[PDB]
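Engineer: See entry_18.cif below, with mmCIF, C-alpha atoms and all ligand atoms.
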data_coords
loop_
_atom_site.label_atom_id
_atom_site.label_comp_id
_atom_site.auth_asym_id
_atom_site.auth_seq_id
_atom_site.Cartn_x
_atom_site.Cartn_y
_atom_site.Cartn_z
CA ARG A 1 4.50 19.04 -11.54
CA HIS A 2 2.61 16.50 -9.41
CA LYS A 3 -0.47 18.01 -11.01
CA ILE A 4 -2.76 15.08 -10.26
CA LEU A 5 -1.50 14.47 -6.73
CA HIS A 6 -2.05 18.09 -5.71
CA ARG A 7 -5.58 17.92 -7.06
CA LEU A 8 -6.42 14.62 -5.39
CA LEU A 9 -4.93 15.87 -2.12
CA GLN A 10 -7.36 18.83 -2.43
CA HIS B 1 -3.57 -2.41 30.89
CA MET B 2 -5.83 -0.10 28.83
CA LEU B 3 -6.12 2.38 25.94
CA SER B 4 -7.05 6.06 26.14
CA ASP B 5 -9.91 7.80 24.36
CA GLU B 6 -7.42 9.62 22.15
CA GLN B 7 -5.87 6.30 21.15
CA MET B 8 -9.18 4.54 20.69
CA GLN B 9 -10.25 7.53 18.60
CA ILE B 10 -7.23 7.05 16.30
CA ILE B 11 -8.13 3.39 15.80
CA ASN B 12 -11.73 4.31 14.95
CA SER B 13 -10.54 6.97 12.47
CA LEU B 14 -8.15 4.57 10.80
CA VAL B 15 -10.64 1.69 10.59
CA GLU B 16 -13.28 3.96 9.10
CA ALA B 17 -10.78 5.43 6.62
CA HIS B 18 -9.98 1.92 5.43
CA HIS B 19 -13.59 0.81 5.13
CA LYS B 20 -14.15 3.93 3.04
CA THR B 21 -11.32 3.15 0.64
CA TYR B 22 -11.38 -0.65 0.33
CA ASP B 23 -14.39 -2.19 -1.39
CA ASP B 24 -14.60 -5.92 -0.68
CA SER B 25 -16.98 -6.32 -3.64
CA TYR B 26 -14.23 -5.40 -6.13
CA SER B 27 -17.08 -4.38 -8.40
CA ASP B 28 -15.07 -1.45 -9.78
CA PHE B 29 -12.56 -3.87 -11.33
CA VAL B 30 -14.68 -4.42 -14.46
CA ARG B 31 -13.92 -0.85 -15.39
CA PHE B 32 -10.21 -1.55 -15.79
CA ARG B 33 -8.79 -2.55 -19.12
CA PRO B 34 -9.45 -6.31 -19.10
CA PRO B 35 -6.84 -8.91 -18.15
CA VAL B 36 -5.17 -10.85 -20.98
CA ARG B 37 -3.35 -14.13 -20.34
CA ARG B 38 4.09 -9.77 -24.79
CA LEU B 39 3.23 -8.00 -21.51
CA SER B 40 -0.49 -8.78 -21.89
CA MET B 41 -1.33 -8.10 -18.24
CA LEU B 42 0.35 -4.69 -18.12
CA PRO B 43 -2.85 -2.73 -19.04
CA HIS B 44 -5.05 -4.46 -16.49
CA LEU B 45 -2.49 -4.31 -13.67
CA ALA B 46 -1.57 -0.70 -14.39
CA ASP B 47 -5.26 0.18 -14.04
CA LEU B 48 -5.52 -1.85 -10.86
CA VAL B 49 -2.52 -0.06 -9.36
CA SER B 50 -3.70 3.36 -10.54
CA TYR B 51 -7.07 2.79 -8.89
CA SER B 52 -5.37 1.56 -5.73
CA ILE B 53 -3.18 4.69 -5.62
CA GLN B 54 -6.32 6.82 -5.55
CA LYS B 55 -7.62 4.71 -2.74
CA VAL B 56 -4.32 5.07 -0.70
CA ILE B 57 -4.51 8.86 -1.20
CA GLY B 58 -8.06 8.79 0.14
CA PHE B 59 -6.84 6.70 3.05
CA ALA B 60 -3.92 9.02 3.81
CA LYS B 61 -6.14 12.12 3.85
CA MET B 62 -8.10 10.57 6.71
CA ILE B 63 -5.11 9.68 8.84
CA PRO B 64 -5.21 12.12 11.79
CA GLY B 65 -2.62 14.84 11.18
CA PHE B 66 -1.67 13.86 7.63
CA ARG B 67 -3.97 16.59 6.30
CA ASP B 68 -2.06 19.17 8.35
CA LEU B 69 1.29 18.35 6.78
CA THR B 70 2.53 20.62 4.02
CA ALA B 71 1.57 19.58 0.53
CA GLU B 72 5.21 18.80 -0.29
CA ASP B 73 5.39 16.50 2.73
CA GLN B 74 2.13 14.76 1.80
CA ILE B 75 3.44 14.21 -1.72
CA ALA B 76 6.85 13.14 -0.39
CA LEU B 77 5.25 10.52 1.87
CA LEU B 78 2.87 9.26 -0.81
CA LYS B 79 5.47 9.01 -3.58
CA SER B 80 7.82 6.88 -1.51
CA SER B 81 5.22 4.78 0.32
CA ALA B 82 2.44 4.15 -2.23
CA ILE B 83 3.82 0.89 -3.58
CA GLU B 84 4.38 -0.32 0.00
CA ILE B 85 0.81 0.53 1.09
CA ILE B 86 -0.49 -1.23 -2.00
CA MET B 87 1.52 -4.34 -1.10
CA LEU B 88 0.12 -4.23 2.46
CA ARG B 89 -3.50 -3.59 1.55
CA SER B 90 -3.34 -6.29 -1.14
CA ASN B 91 -2.91 -8.84 1.66
CA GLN B 92 -6.67 -8.60 2.20
CA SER B 93 -7.29 -10.27 -1.22
CA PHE B 94 -4.37 -12.71 -0.90
CA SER B 95 -5.26 -16.35 -0.33
CA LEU B 96 -2.88 -18.93 1.13
CA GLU B 97 -4.55 -21.86 -0.59
CA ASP B 98 -4.25 -20.27 -4.03
CA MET B 99 -0.99 -18.33 -3.55
CA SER B 100 -2.72 -15.56 -5.43
CA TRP B 101 -4.74 -12.41 -4.99
CA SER B 102 -8.41 -13.33 -5.48
CA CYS B 103 -10.57 -10.30 -6.26
CA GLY B 104 -14.08 -11.63 -6.59
CA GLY B 105 -14.00 -13.01 -10.12
CA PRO B 106 -11.89 -15.71 -11.75
CA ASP B 107 -10.67 -13.13 -14.25
CA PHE B 108 -9.50 -10.99 -11.32
CA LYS B 109 -7.50 -13.86 -9.77
CA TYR B 110 -3.86 -12.74 -10.13
CA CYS B 111 -1.47 -15.64 -9.90
CA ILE B 112 2.28 -15.03 -9.97
CA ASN B 113 2.39 -15.67 -13.70
CA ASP B 114 -0.12 -12.91 -14.47
CA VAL B 115 2.34 -10.48 -12.86
CA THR B 116 5.20 -11.79 -14.98
CA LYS B 117 3.17 -10.83 -18.06
CA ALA B 118 3.19 -7.24 -16.77
CA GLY B 119 6.98 -6.87 -16.83
CA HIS B 120 8.23 -8.16 -13.47
CA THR B 121 10.70 -10.91 -12.61
CA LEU B 122 10.89 -13.49 -9.87
CA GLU B 123 13.51 -11.29 -8.19
CA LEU B 124 10.45 -9.22 -7.19
CA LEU B 125 7.57 -11.70 -7.27
CA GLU B 126 9.19 -14.36 -5.08
CA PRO B 127 9.87 -12.07 -2.07
CA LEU B 128 6.52 -10.37 -2.70
CA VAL B 129 4.71 -13.69 -2.42
CA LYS B 130 6.64 -14.88 0.64
CA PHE B 131 5.92 -11.47 2.15
CA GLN B 132 2.16 -11.92 1.62
CA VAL B 133 2.37 -15.38 3.11
CA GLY B 134 4.21 -14.32 6.27
CA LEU B 135 1.87 -11.36 6.68
CA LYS B 136 -1.24 -13.49 6.17
CA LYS B 137 0.03 -15.91 8.84
CA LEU B 138 0.29 -13.06 11.36
CA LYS B 139 -3.56 -13.20 11.27
CA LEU B 140 -3.68 -9.47 11.99
CA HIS B 141 -6.74 -7.85 13.45
CA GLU B 142 -8.33 -5.26 11.19
CA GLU B 143 -7.15 -2.60 13.68
CA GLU B 144 -3.55 -3.83 13.48
CA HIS B 145 -3.67 -4.06 9.69
CA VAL B 146 -4.85 -0.47 9.34
CA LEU B 147 -2.39 0.78 11.98
CA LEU B 148 0.50 -0.75 10.07
CA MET B 149 -0.60 0.96 6.84
CA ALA B 150 -0.80 4.28 8.70
CA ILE B 151 2.57 3.74 10.38
CA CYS B 152 4.16 2.83 7.03
CA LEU B 153 2.74 5.92 5.32
CA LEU B 154 3.93 8.22 8.12
CA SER B 155 7.60 7.20 8.19
CA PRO B 156 9.75 10.35 8.36
CA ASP B 157 12.69 8.48 6.79
CA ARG B 158 11.62 8.95 3.23
CA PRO B 159 13.60 11.02 0.73
CA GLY B 160 12.04 14.43 0.33
CA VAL B 161 10.45 14.79 3.76
CA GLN B 162 10.92 18.28 5.16
CA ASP B 163 9.06 18.32 8.50
CA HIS B 164 10.96 15.36 9.87
CA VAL B 165 10.07 16.13 13.49
CA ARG B 166 6.32 16.43 12.89
CA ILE B 167 5.98 13.20 10.92
CA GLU B 168 8.14 11.27 13.39
CA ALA B 169 5.92 12.36 16.28
CA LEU B 170 2.83 11.26 14.34
CA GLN B 171 4.40 7.87 13.65
CA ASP B 172 5.34 7.65 17.34
CA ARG B 173 1.69 8.09 18.33
CA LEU B 174 0.57 5.30 15.98
CA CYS B 175 3.25 2.85 17.13
CA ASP B 176 2.25 3.51 20.74
CA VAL B 177 -1.38 2.80 19.85
CA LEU B 178 -0.42 -0.38 18.00
CA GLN B 179 1.86 -1.69 20.74
CA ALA B 180 -0.82 -0.97 23.34
CA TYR B 181 -3.62 -2.44 21.23
CA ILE B 182 -1.72 -5.70 20.78
CA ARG B 183 -1.00 -5.87 24.53
CA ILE B 184 -4.59 -5.51 25.71
CA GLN B 185 -6.66 -6.86 22.82
CA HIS B 186 -4.60 -9.49 20.99
CA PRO B 187 -4.42 -12.67 23.12
CA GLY B 188 -0.94 -14.12 22.70
CA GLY B 189 0.53 -11.11 20.91
CA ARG B 190 3.62 -10.74 23.06
CA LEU B 191 5.80 -10.93 19.93
CA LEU B 192 3.39 -9.45 17.38
CA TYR B 193 4.65 -5.85 17.43
CA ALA B 194 8.19 -6.87 16.50
CA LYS B 195 6.91 -9.18 13.74
CA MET B 196 5.07 -6.21 12.21
CA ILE B 197 8.04 -3.82 12.39
CA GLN B 198 10.06 -6.47 10.57
CA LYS B 199 7.48 -6.44 7.76
CA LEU B 200 8.00 -2.70 7.48
CA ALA B 201 11.67 -3.49 6.86
CA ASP B 202 10.69 -6.14 4.31
CA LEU B 203 8.57 -3.56 2.49
CA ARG B 204 11.56 -1.23 2.05
CA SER B 205 13.34 -4.06 0.24
CA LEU B 206 10.29 -4.80 -1.92
CA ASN B 207 10.06 -1.08 -2.69
CA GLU B 208 13.70 -1.06 -3.81
CA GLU B 209 13.41 -4.02 -6.17
CA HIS B 210 10.09 -2.73 -7.48
CA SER B 211 11.63 0.68 -8.27
CA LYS B 212 14.42 -1.13 -10.10
CA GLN B 213 11.99 -3.02 -12.31
CA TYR B 214 9.65 -0.07 -12.77
CA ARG B 215 12.62 1.92 -14.07
CA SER B 216 13.17 -0.70 -16.79
CA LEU B 217 9.50 -0.53 -17.75
CA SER B 218 9.29 3.25 -17.84
CA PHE B 219 12.46 3.51 -19.94
CA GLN B 220 10.73 1.64 -22.78
CA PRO B 221 8.09 4.05 -24.13
CA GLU B 222 6.16 1.23 -25.82
CA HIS B 223 5.52 -0.12 -22.30
CA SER B 224 5.37 3.11 -20.33
CA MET B 225 2.62 4.28 -22.70
CA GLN B 226 0.44 1.52 -21.23
CA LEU B 227 0.75 3.05 -17.72
CA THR B 228 -1.73 5.62 -16.43
CA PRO B 229 -1.00 9.32 -15.84
CA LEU B 230 -1.40 8.87 -12.07
CA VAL B 231 1.01 5.93 -11.98
CA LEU B 232 3.58 7.86 -13.99
CA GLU B 233 3.34 10.82 -11.63
CA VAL B 234 3.49 8.84 -8.40
CA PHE B 235 6.10 6.25 -9.36
CA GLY B 236 8.06 8.88 -11.32
CA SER B 237 11.09 10.78 -10.11
CA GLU B 238 9.89 14.41 -10.17
CA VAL B 239 10.56 16.54 -7.08
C1 LIG A 301 -3.51 -3.66 -5.80
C2 LIG A 301 -4.28 -4.56 -4.83
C3 LIG A 301 -4.54 -5.83 -5.13
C4 LIG A 301 -3.49 -6.78 -5.72
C5 LIG A 301 -2.01 -6.35 -5.61
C6 LIG A 301 -1.05 -7.34 -6.28
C7 LIG A 301 -1.61 -8.15 -7.42
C8 LIG A 301 -1.02 -7.90 -8.74
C9 LIG A 301 0.46 -7.64 -8.75
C10 LIG A 301 0.73 -6.41 -7.86
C11 LIG A 301 -0.13 -5.21 -8.27
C12 LIG A 301 2.16 -6.04 -7.65
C13 LIG A 301 2.90 -5.43 -8.87
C14 LIG A 301 4.38 -5.77 -8.72
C15 LIG A 301 2.80 -3.91 -9.00
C16 LIG A 301 3.07 -3.48 -10.46
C17 LIG A 301 2.58 -2.04 -10.68
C18 LIG A 301 2.50 -1.64 -12.17
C19 LIG A 301 2.23 -0.16 -12.39
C20 LIG A 301 1.46 -2.45 -12.94
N1 LIG A 301 3.80 -1.88 -12.70
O1 LIG A 301 3.95 -2.70 -13.52
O2 LIG A 301 4.88 -1.13 -12.18
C21 LIG A 301 2.13 -5.15 -6.36
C22 LIG A 301 0.78 -5.61 -5.58
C23 LIG A 301 0.38 -6.83 -6.43
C24 LIG A 301 -6.00 -6.29 -5.20
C25 LIG A 301 -6.74 -5.65 -4.02
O3 LIG A 301 -6.28 -6.24 -2.82
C26 LIG A 301 -6.51 -4.15 -3.99
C27 LIG A 301 -5.06 -3.81 -3.76
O4 LIG A 301 -4.84 -2.43 -3.82
#
Show me this structure written as structure tokens.

Structural biologist:
Amino acid sequence: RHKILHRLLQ
Amino acid sequence: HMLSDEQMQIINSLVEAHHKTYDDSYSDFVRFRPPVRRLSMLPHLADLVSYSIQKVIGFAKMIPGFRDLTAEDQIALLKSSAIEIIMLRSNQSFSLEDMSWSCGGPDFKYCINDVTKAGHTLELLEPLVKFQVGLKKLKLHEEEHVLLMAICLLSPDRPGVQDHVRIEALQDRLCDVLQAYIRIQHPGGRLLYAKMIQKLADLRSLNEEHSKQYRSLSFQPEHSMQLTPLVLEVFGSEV
């Protein structure tokens, strides 16, 4: 989970 | 007396980070689902908040040392503090004469009523608006405004934080910079630091009531379906 946040956090 | 190069460097980094993530032209707002004036403003405001969350993430990544936290810790900090940072940064569009957030256009002028038509009650909007008013009256320098956002983001006392010691030390450095900055650079700021720390306390209370009301929204799928995927992830309760 937190798929988008991980991505945005690089 | 004076600030060090390390401290002045932190201020520069924070100010730049904020200029990079806050666009005074608000030109991107036309790309949101338009505002409509049951729950007619929920699509436009959900898009506004979703966009702002991306901006806070971009801000956080440029806080010195945030990048070097574990990914869990970065997510922990962002999940608990995003709505608070949004409330702080929104002060830059808030106008005392209108009692509203004025974002360039008349269609992007959010009065209190607009926010009622997105699911919230005066139990949130009233303290929110008095908060904006008290914060606007502090007449904060840009430097102080950005330092407060950084300090708020880097509070170790959020649920889910693992490296408590590391984050606390970071927040210590920023508070020292702020308290020093106000002393040297803000004429008549003898009481400003304490006024700002109080607003951090006020934000915790606004966070709490917001989470309450967001819960009620997200438990009605016909309304939660109007949210964005980023909002659902960040304001959600996953660990
Ligand atoms: C967002 C900013 C600005 C305005 C901020 C205001 C104006 C509108 C009402 C808002 C969003 C409050 C709302 C209770 C948040 C509801 C969030 C949502 C997902 C829709 N939900 O229903 O749970 C918090 C902050 C307020 C404009 C500009 O300064 C950029 C800055 O980032």

Engineer: Counting only C-alpha atoms, which residue out of B:219, B:214, B:66, B:193 sits closest to chain A?

Structural biologist: B:66

Engineer: Listing only residues of chain B within 6 Å of ligand LIG 301 (chain A), what is the closest atom pair and its distance in Å (to one decimal) for each, using only C-alpha atoms and all ligand atoms, sorted by chain and residue number ascending, as JSON lines?

Structural biologist:
{"residue": "B:42", "atom": "CA", "partner": "A:LIG301", "partner_atom": "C20", "distance": 5.8}
{"residue": "B:45", "atom": "CA", "partner": "A:LIG301", "partner_atom": "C20", "distance": 4.4}
{"residue": "B:46", "atom": "CA", "partner": "A:LIG301", "partner_atom": "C20", "distance": 3.8}
{"residue": "B:48", "atom": "CA", "partner": "A:LIG301", "partner_atom": "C1", "distance": 5.7}
{"residue": "B:49", "atom": "CA", "partner": "A:LIG301", "partner_atom": "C1", "distance": 5.2}
{"residue": "B:52", "atom": "CA", "partner": "A:LIG301", "partner_atom": "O4", "distance": 4.5}
{"residue": "B:86", "atom": "CA", "partner": "A:LIG301", "partner_atom": "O4", "distance": 4.9}
{"residue": "B:87", "atom": "CA", "partner": "A:LIG301", "partner_atom": "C22", "distance": 4.7}
{"residue": "B:89", "atom": "CA", "partner": "A:LIG301", "partner_atom": "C27", "distance": 5.5}
{"residue": "B:90", "atom": "CA", "partner": "A:LIG301", "partner_atom": "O3", "distance": 3.4}
{"residue": "B:92", "atom": "CA", "partner": "A:LIG301", "partner_atom": "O3", "distance": 5.6}
{"residue": "B:93", "atom": "CA", "partner": "A:LIG301", "partner_atom": "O3", "distance": 4.5}
{"residue": "B:101", "atom": "CA", "partner": "A:LIG301", "partner_atom": "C4", "distance": 5.8}
{"residue": "B:110", "atom": "CA", "partner": "A:LIG301", "partner_atom": "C8", "distance": 5.8}
{"residue": "B:115", "atom": "CA", "partner": "A:LIG301", "partner_atom": "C9", "distance": 5.3}
{"residue": "B:118", "atom": "CA", "partner": "A:LIG301", "partner_atom": "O1", "distance": 5.6}
{"residue": "B:214", "atom": "CA", "partner": "A:LIG301", "partner_atom": "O2", "distance": 4.9}

Engineer: Hey, which bits of chain A sit within 8 Å of chain B, and for each residue what's the closest pair of atoms and how far apart in Å (one decimal), counting all atoms listed in the file, rows by chain and increasing number, as a Markdown table?

Structural biologist:
| residue | atom | partner | partner_atom | distance |
| --- | --- | --- | --- | --- |
| A:1 | CA | B:238 | CA | 7.2 |
| A:2 | CA | B:233 | CA | 6.1 |
| A:4 | CA | B:230 | CA | 6.6 |
| A:5 | CA | B:75 | CA | 7.0 |
| A:6 | CA | B:71 | CA | 7.4 |
| A:8 | CA | B:57 | CA | 7.4 |
| A:9 | CA | B:57 | CA | 7.1 |

Engineer: Go ahead and save the picked residues with C-alpha atoms, as a short mmCIF file (atom, residue, chain, number, x, y, z; two decimals), in the coordinates of the input.

Structural biologist:
data_model
loop_
_atom_site.label_atom_id
_atom_site.label_comp_id
_atom_site.auth_asym_id
_atom_site.auth_seq_id
_atom_site.Cartn_x
_atom_site.Cartn_y
_atom_site.Cartn_z
CA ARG A 1 4.50 19.04 -11.54
CA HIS A 2 2.61 16.50 -9.41
CA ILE A 4 -2.76 15.08 -10.26
CA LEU A 5 -1.50 14.47 -6.73
CA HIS A 6 -2.05 18.09 -5.71
CA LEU A 8 -6.42 14.62 -5.39
CA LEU A 9 -4.93 15.87 -2.12
#

Engineer: Take atom CA of residue 26 of chain B and atom CA of residue 99 of chain B and report the distance between them in Å, one decimal.

Structural biologist: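 Distance between the two atoms: 18.7 Å.
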
Engineer: Identify which of the residues B:37, B:44, B:139, B:223 lies closest to residue 119 of chain B, counting only C-alpha atoms when measuring atom-to-atom distances.

Structural biologist: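 Nearest candidate to residue 119 of chain B out of B:37, B:44, B:139, B:223: B:223.
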
Engineer: Would you compute the distance between atom CA of residue 149 of chain B and atom CA of residue 108 of chain B? Give it in Å to one decimal.

Structural biologist: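 Distance reported for this atom pair: 23.5 Å.
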
Engineer: First collect every listed atom of segment 49-66 of chain B; then fit an axis-aligned box around them, widen it by 6 Å on each side, and give centre and edge lengths in Å to one decimal, as AutoDock Vina command-line options.

Structural biologist:
--center_x -4.9 --center_y 7.4 --center_z 0.6 --size_x 18.4 --size_y 26.9 --size_z 34.3

Engineer: State, in Å with one decimal place, the distance from atom CA of residue 34 of chain B to atom CA of residue 111 of chain B.

Structural biologist: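 Pair atom CA of residue 34 of chain B / atom CA of residue 111 of chain B returns 15.3 Å.
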
Engineer: Using all atoms listed in the file, which residues sit within 8 Å of residue 47 of chain B once same-chain residues fewer than 6 positions away are excluded, as a PyMOL selection string?

Structural biologist: chain B and resi 32-33+227-228

Engineer: Smallest atom-to-atom distance to residue 140 of chain B: which of B:56, B:39, B:198, B:182, using only C-alpha atoms?

Structural biologist: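 Nearest to residue 140 of chain B: B:182.
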
Engineer: Would you mind telling me which residue in B:164, B:199, B:31, B:1 lies nearest to residue 185 of chain B when using only C-alpha atoms?

Structural biologist: B:1

Engineer: Please provide the set of residues having any atom within 12 Å of residue 152 of chain B, restricted to only C-alpha atoms, with same-chain residues fewer than 6 positions apart removed, written as a ChimeraX atom specification.

Structural biologist: /B:56,60,63,77-78,80-89,145-146,158,167-168,170-172,174-175,196-204

Engineer: Would you please work out which residue, of B:176, B:24, B:222, B:208, is nearest to residue 8 of chain B when using all atoms listed in the file?

Structural biologist: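 Answer, going by the shortest atom-to-atom distance: B:176.
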
Engineer: So which one's closest to residue 194 of chain B, B:38, B:207, B:212, B:138? Using all atoms listed in the file, please.

Structural biologist: B:138
